[PDB]
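**Student:** My questions will all concern the structure given below.
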Amino acid sequence: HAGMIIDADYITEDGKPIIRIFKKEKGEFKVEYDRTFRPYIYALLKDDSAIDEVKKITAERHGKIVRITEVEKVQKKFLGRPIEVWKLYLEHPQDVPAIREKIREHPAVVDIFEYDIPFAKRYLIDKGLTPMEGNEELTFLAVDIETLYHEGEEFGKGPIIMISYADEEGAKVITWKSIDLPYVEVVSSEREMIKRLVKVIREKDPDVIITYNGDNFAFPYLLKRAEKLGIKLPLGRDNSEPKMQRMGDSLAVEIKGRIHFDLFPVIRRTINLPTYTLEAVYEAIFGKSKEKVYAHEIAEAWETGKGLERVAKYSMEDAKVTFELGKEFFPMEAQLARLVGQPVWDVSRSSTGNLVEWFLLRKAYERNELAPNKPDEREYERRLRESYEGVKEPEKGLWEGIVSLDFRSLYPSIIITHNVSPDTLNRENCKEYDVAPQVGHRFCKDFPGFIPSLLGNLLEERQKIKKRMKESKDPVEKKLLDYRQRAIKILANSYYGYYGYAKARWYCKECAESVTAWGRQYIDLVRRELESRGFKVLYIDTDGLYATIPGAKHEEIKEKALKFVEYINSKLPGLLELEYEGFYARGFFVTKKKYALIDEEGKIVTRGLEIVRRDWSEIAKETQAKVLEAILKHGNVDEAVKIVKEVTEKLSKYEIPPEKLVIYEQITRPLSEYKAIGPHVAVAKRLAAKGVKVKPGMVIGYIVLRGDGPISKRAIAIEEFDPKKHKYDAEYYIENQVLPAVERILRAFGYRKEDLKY
DNA sequence: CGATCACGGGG
DNA sequence: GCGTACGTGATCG
Ligand SMILES: [Mg+2]
Ligand SMILES: [Mg+2]
């Protein structure tokens, strides 16, 4: 009708699917139902006569037989060529996985197509429906929880001790222990606290629930405790419970009628941080410090009853900043959803490769272009092993006053001008074609390629938005249009990468190679022009470069670089654009996407080097941090080498505290299901043998002891370690922990692993 | 060696 | 749900 679409799903009623379109119309929540949309797949047949055998194929589901309800001969395009396929209709979406392989196996069937598109996404495309359109203002509520945790406990063993929420009315805490603070609501039990959260959510009726890692912590924990306590969480606008969907090796939680906006996957994509803790994220965006109160401090305060006001303040600030962050990051995700035509829930949890693919599937429908299939495992593997011809090793040592230049806005223009598309690649009876330099791939000029055509329209639309922005007096429209033009830039700058993405439907190795080859001519021009101006290029890859004027004043480097970007863009034709990304006080480069820098404010910025993860010992992580600090903060590689040498000697002489040697690894399945027994599994099996209920999710802490053979047979549970009896493996902690953590970094300064010991 | 298995965020 | 990440690095067998 007239509302803004925020989501879509389907329900089954009397065994038949019903699409639900969740809308917001002038502040009101509305649900539209559609019983008429039918599931389907396509089948390419060897001959039209075959349909009589194919329409008679059946399968089984829910104890009943599955049939093809209707067949329809249709004319479409495949790889820029007319094709005749049969549209096979099914009653229920779940009929598609049940019957698709029985159609594909048929000797008269050449191939099948569009057999793995989810019904709700199939519906939005086919009906031309775009989520997040209009000026409809949504409501937001941030939610967070605090729990009682002890090292290595099964997930959900300890109770939820606090629940916090925040919106514009303020940040509040619900707890079941007496804390005298103005924003704290004290209730009688964990059960009563969870029921109060349910009431707040039902009363505030937010369109968007903001969490920080709610997909993999807050909501699975709430569901675990609600199950324990035997209470329901009717948070859905249809009174349904939050729904845990297995998205990869992890989880994603949906709340029907709403948008569960988990900031963790969103921020992980948007900015570069070594660790995405809420406190690190908040500081990077708002330039303010946020205190972290660790799990052990929380457990100690809860159990002893001392210092609970500190824990309540931590819980409050967690909800307060989650709200603040949500408001900051939601507008761009809303514009991306709109652009790609899929709900924010799905779009906020996806890579740019999937954003491109959703955009392309919709455009293929609009253009009557049959979509190619996602590859099988063998093809996906063959794609990962493909070698690309045509980005040198970076300069060694420590450099000062570094400018970063970004090339990414160059590639959409190359795709368009050279008609780079899988449907135009090495076409027969082509009258005119473009030949890629060095690699020689031919792209037909006779018709615009599917992908160049779409990119051309995206770039044109962005230029119209930018023009409308200059001519606007309304700062509200200007702010909105700024988000819209940034969403196009992000989607357009993702096509180059998408061509080489192994899971892509419109994958094209030769397209990616050719864009690289044509792109290189401009990169080489940028490099020569930089060097003619006294700049030294320290590092260069397909995405950008780092450069300096050796021994020049920093303000002179910045000014010359800004003046250079303005100059080159005046020389580059069309929408080919170079961007000044930033300036760094110092930096060093190891290899492709492995480097470390420090800006003028003293913030260290790295790519592909830092090892902040629980399965690496503290001694290795601490030494690595010390090495980066000595190099970047002190400009002293000699100090860094001496730090490594001192740590290794201390390890050899058993001078390192055993607490800095603990390795943590999660159990992810029943112990009997393991095919390879790593040290944490060997430790786990002994724990289960002692009567410990070992379950997936439990994190095993261990220390590697001195001895013969694989580390599996010498690992000990941290709770069993006796410093007066057990001797840790110094050679393991040196060669497998500390030295790999620092050897890549120090390779940039001409050191090998063997020069980092006395 | 190829195969297998872990990481992130949260408490 | 017409589904189940990603890319990378250590250790087992
Ligand atoms: Mg959904
Ligand atoms: Mg919290």
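A note on labels: chains of the structure tokens are A, B, ... as shown, every chain counts residues from 1, and ligands are counted from 1 in their shown order.
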Please list as number ranges by chain every residue within 6 Å of region 168-174 of chain A, counting only C-alpha atoms (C1' of nucleotides) and excluding residues in the same chain fewer than 3 positions away.
**Tutor:** A: 162-165, 183-185, 316, 320
**Student:** May I ask you to extract the residues of chain B within 8 Å of chain A, using only C-alpha atoms (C1' of nucleotides), and to give them as an MDAnalysis selection string?
**Tutor:** chainID B and resid 4 6:11
**Student:** How close does chain C get to chain A? List, as a Markdown table, each residue of chain C within 6 Å, its nearest atom pair and the distance in Å to one decimal, counting only C-alpha atoms (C1' of nucleotides).
**Tutor:**
```
| residue | atom | partner | partner_atom | distance |
| --- | --- | --- | --- | --- |
| C:2 | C1' | A:116 | CA | 4.0 |
| C:4 | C1' | A:247 | CA | 4.9 |
| C:5 | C1' | A:248 | CA | 4.7 |
| C:12 | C1' | A:676 | CA | 5.4 |
```
**Student:** Nearest to ligand 2: which of A:462, A:313, A:653, A:55 is it, counting only C-alpha atoms and all ligand atoms?
**Tutor:**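 Nearest candidate to ligand 2 out of A:462, A:313, A:653, A:55: A:313.
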**Student:** What residues have any atom no more than 8 Å from ligand 1 when counting only C-alpha atoms (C1' of nucleotides) and all ligand atoms, and can you list them as number ranges by chain?
**Tutor:** A: 7-9, 120, 254, 343, 345-346
**Student:** The selected residues should be written to file as a short mmCIF file (atom, residue, chain, number, x, y, z; two decimals), in the first residue's frame (atoms: N, CA, C and O atoms).
**Tutor:**
```
data_model
loop_
_atom_site.label_atom_id
_atom_site.label_comp_id
_atom_site.auth_asym_id
_atom_site.auth_seq_id
_atom_site.Cartn_x
_atom_site.Cartn_y
_atom_site.Cartn_z
N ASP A 7 10.59 -5.79 6.68
CA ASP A 7 10.94 -7.20 6.58
C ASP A 7 9.84 -8.00 5.89
O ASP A 7 8.71 -7.52 5.69
N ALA A 8 10.19 -9.23 5.51
CA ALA A 8 9.30 -10.18 4.91
C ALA A 8 9.73 -11.60 5.31
O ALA A 8 10.94 -11.88 5.44
N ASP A 9 8.74 -12.49 5.50
CA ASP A 9 8.95 -13.90 5.78
C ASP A 9 7.75 -14.68 5.27
O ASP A 9 6.88 -14.10 4.61
N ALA A 120 10.98 -15.66 0.79
CA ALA A 120 10.76 -14.26 1.15
C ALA A 120 11.59 -13.32 0.26
O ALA A 120 11.13 -12.23 -0.05
N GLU A 254 16.59 -13.69 14.94
CA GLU A 254 15.56 -12.84 14.38
C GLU A 254 14.39 -12.70 15.36
O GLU A 254 14.10 -13.62 16.12
N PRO A 343 15.88 -7.04 3.19
CA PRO A 343 15.73 -6.41 4.52
C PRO A 343 17.03 -6.17 5.24
O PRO A 343 18.00 -6.91 5.02
N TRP A 345 17.78 -6.85 8.22
CA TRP A 345 18.24 -8.01 9.01
C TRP A 345 19.28 -8.81 8.19
O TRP A 345 20.39 -9.06 8.67
N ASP A 346 18.93 -9.13 6.93
CA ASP A 346 19.76 -9.90 6.04
C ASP A 346 21.00 -9.09 5.57
O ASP A 346 22.14 -9.59 5.66
#
```
**Student:** How far is it from CA of residue 729 (chain A) to CA of residue 715 (chain A), in Å with one decimal?
**Tutor:** 9.6 Å
**Student:** Quick one: DSSP helix (DSSP H, G or I) residues in region 59-201 of chain A, as number ranges by chain?
**Tutor:** A: 95-104, 119-126, 190-201
**Student:** Please, could you write that set of residues out with N, CA and C atoms as a CSV table (one decimal), in the first residue's frame?
**Tutor:**
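Writing the result to again-v1.csv gives the following:
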```csv
chain,number,residue,atom,x,y,z
A,95,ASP,N,9.3,-27.7,-0.9
A,95,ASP,CA,9.2,-28.7,-1.9
A,95,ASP,C,10.4,-28.6,-2.8
A,96,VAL,N,11.0,-27.4,-3.0
A,96,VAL,CA,12.1,-27.2,-3.9
A,96,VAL,C,13.3,-28.0,-3.4
A,97,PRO,N,13.8,-28.0,-2.1
A,97,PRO,CA,15.0,-28.9,-1.8
A,97,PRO,C,14.6,-30.4,-1.9
A,98,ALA,N,13.4,-30.8,-1.7
A,98,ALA,CA,12.9,-32.2,-1.8
A,98,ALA,C,12.9,-32.8,-3.2
A,99,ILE,N,12.5,-32.0,-4.2
A,99,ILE,CA,12.4,-32.4,-5.6
A,99,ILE,C,13.5,-32.0,-6.6
A,100,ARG,N,14.2,-30.8,-6.3
A,100,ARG,CA,15.2,-30.3,-7.3
A,100,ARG,C,16.3,-31.3,-7.8
A,101,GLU,N,16.8,-32.2,-6.9
A,101,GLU,CA,17.8,-33.1,-7.4
A,101,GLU,C,17.2,-34.2,-8.3
A,102,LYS,N,15.9,-34.6,-8.1
A,102,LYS,CA,15.2,-35.6,-8.9
A,102,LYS,C,14.9,-35.0,-10.3
A,103,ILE,N,14.9,-33.6,-10.4
A,103,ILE,CA,14.6,-33.1,-11.7
A,103,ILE,C,16.0,-33.0,-12.4
A,104,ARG,N,17.0,-32.5,-11.7
A,104,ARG,CA,18.4,-32.4,-12.3
A,104,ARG,C,18.9,-33.7,-12.8
A,119,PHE,N,12.2,-18.1,-0.3
A,119,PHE,CA,10.9,-17.6,-0.7
A,119,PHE,C,10.6,-16.1,-0.4
A,120,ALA,N,11.0,-15.7,0.8
A,120,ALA,CA,10.8,-14.3,1.1
A,120,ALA,C,11.6,-13.3,0.3
A,121,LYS,N,12.8,-13.8,-0.2
A,121,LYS,CA,13.7,-13.0,-1.0
A,121,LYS,C,13.2,-13.1,-2.5
A,122,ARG,N,12.7,-14.3,-2.9
A,122,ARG,CA,12.1,-14.6,-4.2
A,122,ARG,C,10.9,-13.7,-4.3
A,123,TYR,N,10.1,-13.5,-3.3
A,123,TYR,CA,8.9,-12.7,-3.3
A,123,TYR,C,9.2,-11.2,-3.5
A,124,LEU,N,10.2,-10.6,-2.7
A,124,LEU,CA,10.5,-9.2,-2.8
A,124,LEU,C,11.0,-8.8,-4.2
A,125,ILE,N,11.8,-9.8,-4.9
A,125,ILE,CA,12.3,-9.6,-6.2
A,125,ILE,C,11.2,-9.6,-7.2
A,126,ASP,N,10.5,-10.7,-7.3
A,126,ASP,CA,9.4,-11.0,-8.3
A,126,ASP,C,8.3,-9.9,-8.3
A,190,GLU,N,15.8,-14.0,38.9
A,190,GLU,CA,16.2,-14.0,37.5
A,190,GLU,C,15.0,-14.1,36.6
A,191,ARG,N,14.0,-15.0,37.0
A,191,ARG,CA,12.8,-15.2,36.3
A,191,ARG,C,12.0,-13.8,36.2
A,192,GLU,N,11.9,-13.1,37.4
A,192,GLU,CA,11.2,-11.8,37.3
A,192,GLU,C,11.9,-10.8,36.5
A,193,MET,N,13.2,-10.8,36.4
A,193,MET,CA,14.0,-9.9,35.7
A,193,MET,C,13.8,-10.1,34.2
A,194,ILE,N,13.7,-11.4,33.7
A,194,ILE,CA,13.6,-11.7,32.3
A,194,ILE,C,12.1,-11.3,31.9
A,195,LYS,N,11.1,-11.6,32.8
A,195,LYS,CA,9.8,-11.2,32.5
A,195,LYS,C,9.6,-9.7,32.4
A,196,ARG,N,10.4,-8.9,33.2
A,196,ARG,CA,10.4,-7.5,33.1
A,196,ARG,C,11.0,-7.0,31.7
A,197,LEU,N,12.0,-7.7,31.2
A,197,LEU,CA,12.6,-7.3,29.9
A,197,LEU,C,11.5,-7.5,28.9
A,198,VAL,N,10.8,-8.7,28.9
A,198,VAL,CA,9.7,-9.0,28.0
A,198,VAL,C,8.7,-7.9,28.1
A,199,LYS,N,8.3,-7.4,29.2
A,199,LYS,CA,7.3,-6.3,29.4
A,199,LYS,C,7.8,-5.0,28.8
A,200,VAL,N,9.1,-4.6,29.0
A,200,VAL,CA,9.7,-3.4,28.5
A,200,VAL,C,9.6,-3.4,26.9
A,201,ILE,N,10.0,-4.6,26.3
A,201,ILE,CA,10.0,-4.7,24.9
A,201,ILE,C,8.6,-4.7,24.3
```
**Student:** Which distance in Å separates CA of residue 748 (chain A) and CA of residue 660 (chain A), to one decimal?
**Tutor:**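 Taking CA of residue 748 (chain A) as the start and CA of residue 660 (chain A) as the end point, the length is 27.1 Å.
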**Student:** Could you tell me how far CA of residue 400 (chain A) sits from CA of residue 555 (chain A), in Å to one decimal place?
**Tutor:**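 Separating CA of residue 555 (chain A) from CA of residue 400 (chain A) is a distance of 12.3 Å.
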**Student:** Determine, counting only C-alpha atoms (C1' of nucleotides), which protein, DNA and RNA residues have an atom within 12 Å of an atom of residue 501 (chain A); residues of the same chain fewer than 5 positions away are not included. Present the result as a PyMOL selection string.
**Tutor:** (chain A and resi 351-354+356-357+374-375+380-381+383-384+386+494-496+506-509+511-512) or (chain C and resi 6)
**Student:** Those residues you just picked out, can you put them in a file as an mmCIF file, in the first residue's frame with C-alpha atoms (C1' of nucleotides)?
**Tutor:**
```cif
data_model
loop_
_atom_site.group_PDB
_atom_site.id
_atom_site.type_symbol
_atom_site.label_atom_id
_atom_site.label_comp_id
_atom_site.auth_asym_id
_atom_site.auth_seq_id
_atom_site.Cartn_x
_atom_site.Cartn_y
_atom_site.Cartn_z
ATOM 1 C CA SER A 351 29.424 -9.457 2.923
ATOM 2 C CA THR A 352 29.610 -6.993 0.025
ATOM 3 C CA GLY A 353 29.825 -10.028 -2.259
ATOM 4 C CA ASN A 354 26.309 -11.084 -1.156
ATOM 5 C CA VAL A 356 26.209 -7.446 -5.057
ATOM 6 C CA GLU A 357 24.594 -10.845 -5.717
ATOM 7 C CA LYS A 374 26.192 -20.930 -7.361
ATOM 8 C CA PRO A 375 29.147 -23.333 -7.900
ATOM 9 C CA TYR A 380 34.260 -23.592 -5.803
ATOM 10 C CA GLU A 381 37.586 -25.421 -5.028
ATOM 11 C CA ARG A 383 38.015 -21.347 -8.440
ATOM 12 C CA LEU A 384 40.056 -20.952 -5.200
ATOM 13 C CA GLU A 386 42.841 -20.359 -10.128
ATOM 14 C CA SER A 494 32.398 -4.166 -4.729
ATOM 15 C CA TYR A 495 31.911 -5.435 -8.349
ATOM 16 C CA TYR A 496 35.661 -5.790 -9.066
ATOM 17 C CA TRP A 506 28.357 -14.135 -12.048
ATOM 18 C CA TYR A 507 31.958 -15.200 -11.222
ATOM 19 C CA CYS A 508 34.385 -14.330 -13.973
ATOM 20 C CA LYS A 509 38.142 -14.901 -13.438
ATOM 21 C CA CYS A 511 36.773 -10.318 -15.997
ATOM 22 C CA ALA A 512 38.660 -9.784 -12.707
ATOM 23 C "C1'" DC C 6 35.026 -16.062 6.201
#
```
**Student:** So which residues touch residue 370 (chain A) within 9 Å, counting only C-alpha atoms (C1' of nucleotides), skipping near sequence neighbours fewer than 5 positions away, as a list in words?
**Tutor:**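 Counting only the stated atoms, we get residues 42, 76, 77, 78, 79, 83, 113, 114, 361, 364 and 365 of chain A.
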**Student:** Within 7 Å of residue 515 (chain A), counting only C-alpha atoms (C1' of nucleotides), which residues qualify if same-chain residues fewer than 6 places away don't, as a list in words?
**Tutor:**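 Listed by chain and then number, they are residues 411, 414 and 415 of chain A.
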**Student:** Kindly export the residues of the current selection with N, CA, C and O atoms, as a short mmCIF file (atom, residue, chain, number, x, y, z; two decimals), in the first residue's frame.
**Tutor:**
```
data_model
loop_
_atom_site.label_atom_id
_atom_site.label_comp_id
_atom_site.auth_asym_id
_atom_site.auth_seq_id
_atom_site.Cartn_x
_atom_site.Cartn_y
_atom_site.Cartn_z
N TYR A 411 38.02 1.20 -10.65
CA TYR A 411 37.57 -0.06 -11.24
C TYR A 411 36.15 -0.04 -11.81
O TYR A 411 36.02 -0.53 -12.92
N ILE A 414 36.45 1.27 -15.27
CA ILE A 414 37.15 0.37 -16.19
C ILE A 414 36.17 -0.73 -16.70
O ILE A 414 36.18 -1.04 -17.88
N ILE A 415 35.35 -1.32 -15.81
CA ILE A 415 34.35 -2.35 -16.12
C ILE A 415 33.38 -1.81 -17.19
O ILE A 415 33.09 -2.48 -18.18
#
```
**Student:** Pick from A:318, A:477, A:227, A:629: nearest to ligand 2, with only C-alpha atoms and all ligand atoms counted?
**Tutor:**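 Comparing A:318, A:477, A:227, A:629 against ligand 2, the winner is A:318.
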**Student:** Step one, run DSSP on the backbone; step two, keep only residues of region 612-667 of chain A assigned to strand (DSSP E); then write them as a ChimeraX atom specification.
**Tutor:** /A:663-666
**Student:** Write to file, as a PDB file, in the first residue's frame, the residues of the selection just made, with N, CA, C and O atoms.
**Tutor:**
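Final output, saved to again_19.pdb:
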```pdb
ATOM      1  N   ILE A 663      46.465 -21.514  27.149  1.00  0.00           N
ATOM      2  CA  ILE A 663      45.868 -21.552  25.803  1.00  0.00           C
ATOM      3  C   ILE A 663      44.412 -21.958  25.977  1.00  0.00           C
ATOM      4  O   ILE A 663      44.152 -22.918  26.701  1.00  0.00           O
ATOM      5  N   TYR A 664      43.479 -21.235  25.336  1.00  0.00           N
ATOM      6  CA  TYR A 664      42.047 -21.513  25.416  1.00  0.00           C
ATOM      7  C   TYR A 664      41.500 -21.935  24.061  1.00  0.00           C
ATOM      8  O   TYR A 664      41.726 -21.225  23.072  1.00  0.00           O
ATOM      9  N   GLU A 665      40.780 -23.084  24.006  1.00  0.00           N
ATOM     10  CA  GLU A 665      40.133 -23.578  22.788  1.00  0.00           C
ATOM     11  C   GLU A 665      38.767 -24.162  23.138  1.00  0.00           C
ATOM     12  O   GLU A 665      38.633 -24.943  24.085  1.00  0.00           O
ATOM     13  N   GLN A 666      37.762 -23.811  22.359  1.00  0.00           N
ATOM     14  CA  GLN A 666      36.418 -24.293  22.582  1.00  0.00           C
ATOM     15  C   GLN A 666      36.198 -25.732  22.086  1.00  0.00           C
ATOM     16  O   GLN A 666      36.760 -26.130  21.068  1.00  0.00           O
TER      17      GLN A 666
END
```
